[PDB]
Colleague: 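There's a structure below that I have some questions on.
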Amino acid sequence: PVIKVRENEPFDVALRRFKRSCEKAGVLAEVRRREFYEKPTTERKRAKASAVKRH
Amino acid sequence: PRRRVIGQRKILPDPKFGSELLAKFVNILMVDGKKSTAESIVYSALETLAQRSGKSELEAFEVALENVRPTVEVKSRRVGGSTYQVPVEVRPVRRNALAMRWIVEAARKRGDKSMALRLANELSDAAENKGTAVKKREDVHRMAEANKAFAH
Amino acid sequence: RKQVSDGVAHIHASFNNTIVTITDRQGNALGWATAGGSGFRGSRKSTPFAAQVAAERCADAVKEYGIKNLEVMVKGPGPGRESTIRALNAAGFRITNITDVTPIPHXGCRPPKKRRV
RNA sequence: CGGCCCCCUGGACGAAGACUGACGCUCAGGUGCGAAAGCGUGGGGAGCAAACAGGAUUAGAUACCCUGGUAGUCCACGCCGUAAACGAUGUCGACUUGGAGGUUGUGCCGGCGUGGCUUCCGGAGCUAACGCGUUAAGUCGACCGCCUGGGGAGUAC
RNA sequence: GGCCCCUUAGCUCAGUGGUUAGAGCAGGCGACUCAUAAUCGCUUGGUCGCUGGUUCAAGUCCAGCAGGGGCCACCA
Ligand SMILES: [Mg+2]
Ligand SMILES: [Mg+2]
Ligand SMILES: [Mg+2]
Ligand SMILES: [Mg+2]
Ligand SMILES: [Mg+2]
Ligand SMILES: [Mg+2]
Ligand SMILES: [Mg+2]
Ligand SMILES: [Mg+2]
Ligand SMILES: [Mg+2]
Ligand SMILES: [Mg+2]
Ligand SMILES: [Mg+2]
Ligand SMILES: [Mg+2]
Ligand SMILES: [Mg+2]
Ligand SMILES: [Mg+2]
Ligand SMILES: [Mg+2]
Ligand SMILES: [Mg+2]
Ligand SMILES: [Mg+2]
Ligand SMILES: [Mg+2]
Ligand SMILES: [Mg+2]
């Protein structure tokens with residue numbers, strides 16, 4: 001997320017644009033997902049459980 | 001309570017000054033329901049302070065009261081099951097009540113011969129930043145300042 | 001001594017601590033400060049207030065270099081991800097870029113086992 | 001069974017036509033393949049981590065948490081032959097109302113059809129019940145494997 | 001035998017001849033929790049060994065001993 005501040009704009013707008021770029025980029029989700037190790041069976045079960053609950 | 005039903009109860013200003021604040025202070029100083037013995041002490045202390053300072057009779061009390069009123073206190077709040085010390089604001093009525101109570105308790109612990117003289121000394125010191133109520137207010141302020149990171 | 005007027009501020013955000021360091025554009029550090037050394041230990045060390053204080057106290061030690069402009073690049077998911085740059089704004093520094101530099105394996109190694117708390 | 005490219009190689013499906021003429025189904029003994037951990041000989045070793053050492057928590061803590069860390073995890077060849085190896089549902093064939101999707105072929109003019117595989121709901125019927133329901137646990141045929149109260153015991157010789 | 005390190009709260013470490021005796025370390029009282037454990041706030045405190053020196057000005061500079069300390073040296 002390279003956020004280049006442009007001419008004649010305050011700090012708040014650039015800050016909000018950077019925050020939205022990071023939120024849409026999904027960096028925090030990846031960093032959380034890589035904190036520990038997940039056995040293949042555990043993830044295969046959790047994905048199906050989430051899919052069943054959603055539908 | 002669980003219901004939010006309670007309200008405010010009317011109070012009569014004191015006769016010779018028409019001030020609700022003096023009424024509340026007298027109530028705080030009253031014991032055993034013997035009110036008539038309370039305003040006597042209050043009046044004696046007020047007149048002794050008035051003659052000692054020479055500024056006024058009612059403005060000295062107001063200045064001493066203002067010198068002690070705090071603006072922040074510490075309570076407990078939780079987010080994930082662990083208790084904290086969080087600083088919170090104080091409403092004006094609570095400020096006045098705390099100031100009066102601190103002044104009374106500070107006055108009650110001395111070695112003079114009369115209670116009115118103790119009151120005179122304590123109001124004087126509060127007006128000139130030497131009473132123990134000043135120490136109470138400062139300690140509360142600094143404990144609130146120490147636990148500043150937890151302020152949501 | 002020396003005059004630069006153009007620097008870059010690197011932020012290391014972590015669940016336990018935050019580190020702020022200002023360096024020249026060729027990666028030659030001029031100063032740094034941490035929330036841990038700023039008088040905060042234990043639980044308070046992991047709050048955005050600590051990151052704000054650390055950022056301001058670090059900027060307080062780069063005034064002699066006469067820095068006029070800064071850009072910020074930040075890594076880590078910690079809670080100091082936000083208040084640090086606002087505290088830098090309150091120091092009057094010019095802000096030109098805000099960038100994310102958090103590392104990401106494209107597979108990589110194997111993470112440690114989950115804690116059974 | 002998962003980054004990208006090349007070489008060798010097994011199966012499945014659809015479309016019209018031709019050819020052989022029952023050459024079929026199932027299968028006791030027999031043969032082959034078969035997760036991970038483990039074993040033998042020779043390599044390699046970033047990260048992780050049985051055993052092991054220290055720090056805590058605790059009445060105790062040979063643990064759960066933290067700091068370290070060796071076999072092992074990786075490669076070539078050779079053994080081992082076991083899993084909640086599960087759809088807890090043997091293989092082959094025929095017949096029996098519907099609705100909503102997914103993936104991949106083909107014919108005629110976005111429309112009208114026609115095959116293969118696959119996900120969810122549900123009718124008759126079945127079932128002790130839960131439930132299954134054209135991918136049956138529904139109605140029949142051919143062959144194989146297995147069961148006969150709980151422990152002792154999938155143990156002893 | 002010769003050079004050289006210093007002597008300070010209940011304890012350990014700091015302290016420039018002027019207008020400092022400095023912090024940490026145990027305890028006491030409060031703060032939070034229904035209440036401990038962990039956290040936070042305020043504090044009970046000092047003979048600069050004895051003595052002397054020059055010096056307006058000395059814990060401060062010099063030491064005499066003593067105490068606790070190294071090396072140099074060693075053919076009654
Ligand atoms: Mg537990
Ligand atoms: Mg057989
Ligand atoms: Mg293996
Ligand atoms: Mg092995
Ligand atoms: Mg091996
Ligand atoms: Mg080996
Ligand atoms: Mg490890
Ligand atoms: Mg471990
Ligand atoms: Mg092993
Ligand atoms: Mg078996
Ligand atoms: Mg399996
Ligand atoms: Mg079985
Ligand atoms: Mg079978
Ligand atoms: Mg159904
Ligand atoms: Mg039976
Ligand atoms: Mg039996
Ligand atoms: Mg039996
Ligand atoms: Mg057996
Ligand atoms: Mg056996």
Side-chain angles (χ1 to χ4, degrees), chain A residues 26 30-55, chain B residues 1-2 67-90 94-95 97-99 101-111 122 125-126 129-152, chain C residues 14-17 34-53 75-76 78-79 102-117:
Chain A
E30 300 281 355
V31 178
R32 276 191 299 168
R33 202 175 54 138
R34 300 185 198 279
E35 177 93 25
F36 284 138
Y37 178 70
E38 200 163 1
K39 276 161 68 169
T41 186
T42 299
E43 183 78 89
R44 279 201 302 264
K45 174 175 71 136
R46 215 177 53 77
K48 154 148 182 302
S50 78
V52 160
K53 207 177 102 169
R54 195 270 308 153
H55 162 230
Chain B
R2 297 198 185 280
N67 274 300
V68 179
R69 296 170 206 194
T71 77
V72 188
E73 56 174 332
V74 291
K75 299 288 181 181
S76 294
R77 274 200 47 197
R78 293 179 292 173
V79 291
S82 43
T83 193
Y84 284 154
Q85 290 184 32
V86 177
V88 289
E89 198 72 6
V90 193
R94 189 150 172 77
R95 307 167 159 221
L98 280 150
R101 198 195 293 137
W102 286 330
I103 285 153
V104 170
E105 313 296 335
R108 286 222 184 113
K109 42 179 72 167
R110 266 154 161 285
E122 294 293 328
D125 293 329
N129 294 109
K130 282 187 281 292
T132 78
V134 173
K135 290 179 177 63
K136 299 298 293 295
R137 186 268 187 189
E138 175 51 40
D139 273 354
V140 162
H141 179 298
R142 75 176 43 178
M143 293 183 286
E145 179 66 38
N147 299 315
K148 199 173 184 179
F150 299 136
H152 301 111
Chain C
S14 43
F15 289 109
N16 278 278
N17 201 326
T34 64
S38 300
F40 296 156
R41 291 265 83 191
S43 53
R44 322 151 181 288
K45 187 174 68 171
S46 298
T47 61
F49 179 76
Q52 156 194 79
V53 172
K75 65 179 73 174
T102 296
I104 282 295
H106 290 355
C109 288
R110 176 178 175 120
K113 53 182 171 159
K114 185 191 146 103
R115 317 167 68 227
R116 283 175 325 239
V117 287

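We name chains A, B, ... by the order of the sequence lines, and we start the count at 1 in each one. The basis for the numbers below is simple: all heavy atoms, side chains too, and nothing from hydrogens, waters or symmetry mates.
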Colleague: In whole Å, measure the gap between the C1' atoms of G46(E) and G1(E) for me.
Modeller: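 Their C1' atoms lie roughly 41 Å apart.
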Colleague: Would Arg115(C) count as a cation-pi partner of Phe36(A), with NZ or CZ less than 6.0 Å from the six-membered ring centre and within 45° of the ring normal?
Modeller: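 No, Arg115(C) does not lie over the aromatic ring of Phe36(A).
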Colleague: Please check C48(D) against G72(D): Watson-Crick or G-U wobble, both distances under 3.5 Å.
Modeller: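 Under the 3.5 Å cut-off on both distances, the two nucleotides are paired.
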Colleague: For residues 44-55 of chain A, tabulate all N or O donor-acceptor pairs below 3.5 Å that involve a side-chain atom, not counting sequence neighbours.
Modeller:
from	atom 1	to	atom 2	distance (Å)
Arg46(A)	NE	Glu38(A)	OE2	3.4
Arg46(A)	NH2	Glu43(A)	OE2	3.1
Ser50(A)	OG	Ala47(A)	O	2.8

Colleague: Using the P atom as the reference point in each nucleotide, state the distance between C72(E) and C62(E) in Å, no decimals.
Modeller: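 That atom pair is separated by 26 Å.
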Colleague: Counting only non-hydrogen atoms, which of residues 140-152 of chain B are less than 4.0 Å from RNA chain E?
Modeller: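 Nucleic-acid contacts, sorted: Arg142(B), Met143(B), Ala146(B).
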Colleague: Mind checking whether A63(E) and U51(E) form a Watson-Crick or G-U wobble pair, both distances under 3.5 Å?
Modeller: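 Answer is yes for this nucleotide pair.
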Colleague: Nucleotides 49-58 of chain D: which of its N/O atoms have a protein N/O under 3.5 Å away?
Modeller:
none

Colleague: Is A76(D) paired to anything, Watson-Crick or G-U wobble with both distances less than 3.5 Å, and if yes, which nucleotide?
Modeller: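 Across all strands, the one nucleotide that pairs with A76(D) is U41(D).
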Colleague: The side chain of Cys109(C) lies closest to which of these nucleotides: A46(D), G41(E), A31(E)?
Modeller: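 Looking only at side-chain atoms, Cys109(C) lies closest to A46(D).
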Colleague: Please indicate whether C5(E) is base-paired to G68(E) in either the Watson-Crick or the G-U wobble sense, using a 3.5 Å limit on both distances.
Modeller: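 Paired: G68(E) with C5(E), WC or G-U, both distances under 3.5 Å.
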Colleague: Does any non-hydrogen side-chain atom of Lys75(B) lie less than 4.5 Å from one of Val86(B)?
Modeller: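 No - every pair of side-chain heavy atoms lies 4.5 Å or more apart.
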Colleague: Which part of the nucleic acid, if any, lies within reach of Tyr37(A) when heavy atoms closer than 4.0 Å are counted: base, sugar-phosphate only, or nothing?
Modeller: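 Result for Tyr37(A) = nothing.
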Colleague: Quantified in whole Å, what is the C1' atom distance between nucleotide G67(E) and nucleotide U51(E)?
Modeller: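 Straight-line distance between the two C1' atoms is 15 Å.
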Colleague: With a 4.5 Å heavy-atom cut-off, do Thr83(B) and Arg77(B) have their side chains touching?
Modeller: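 In short, these two side chains do not touch, never coming nearer than 4.5 Å.
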Colleague: With rounding to the closest Å, how many angstrom separate the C1' atoms on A14(E) and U60(E)?
Modeller: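 Looking at atom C1' only, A14(E) and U60(E) are 13 Å apart.
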Colleague: Evaluate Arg137(B) against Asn67(B) for side-chain hydrogen bond (donor to acceptor under 3.5 Å, both in side chains), listing each step before the verdict.
Modeller: CA-CA 9 Å; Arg137(B) 186 268 187 189; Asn67(B) 274 300; over 6 Å; no
Colleague: Pairing check, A53(D) versus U67(D): Watson-Crick or G-U wobble, both under 3.5 Å?
Modeller: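 A pair, by the stated definition.
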Colleague: Under a 3.5 Å rule for both distances, is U73(D) the Watson-Crick or G-U wobble partner of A18(D)?
Modeller: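 No, neither Watson-Crick nor G-U wobble.
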Colleague: On RNA chain D, nearest-nucleotide positions of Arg110(C) versus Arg116(C): which is more 5'?
Modeller: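 The answer here is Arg110(C).
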Colleague: Are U97(D) and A136(D) a pair by Watson-Crick or G-U wobble criteria, both distances short of 3.5 Å?
Modeller: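 When the criterion is applied, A136(D) and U97(D) do not count as a base pair.
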Colleague: With P as the reference atom in both, quote the distance from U118(D) to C5(D) in angstrom, rounded to an integer.
Modeller: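 Result for the P pair: 30 Å, nearest Å.
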Colleague: Mind checking the P distance from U62(D) to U41(D)? Whole angstroms is fine.
Modeller: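 Looking at atom P only, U62(D) and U41(D) are 36 Å apart.
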Colleague: Using atom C1' in both nucleotides, what's the gap between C132(D) and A124(D) to the nearest angstrom?
Modeller: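 Rounded to whole Å, the distance is 13 Å.
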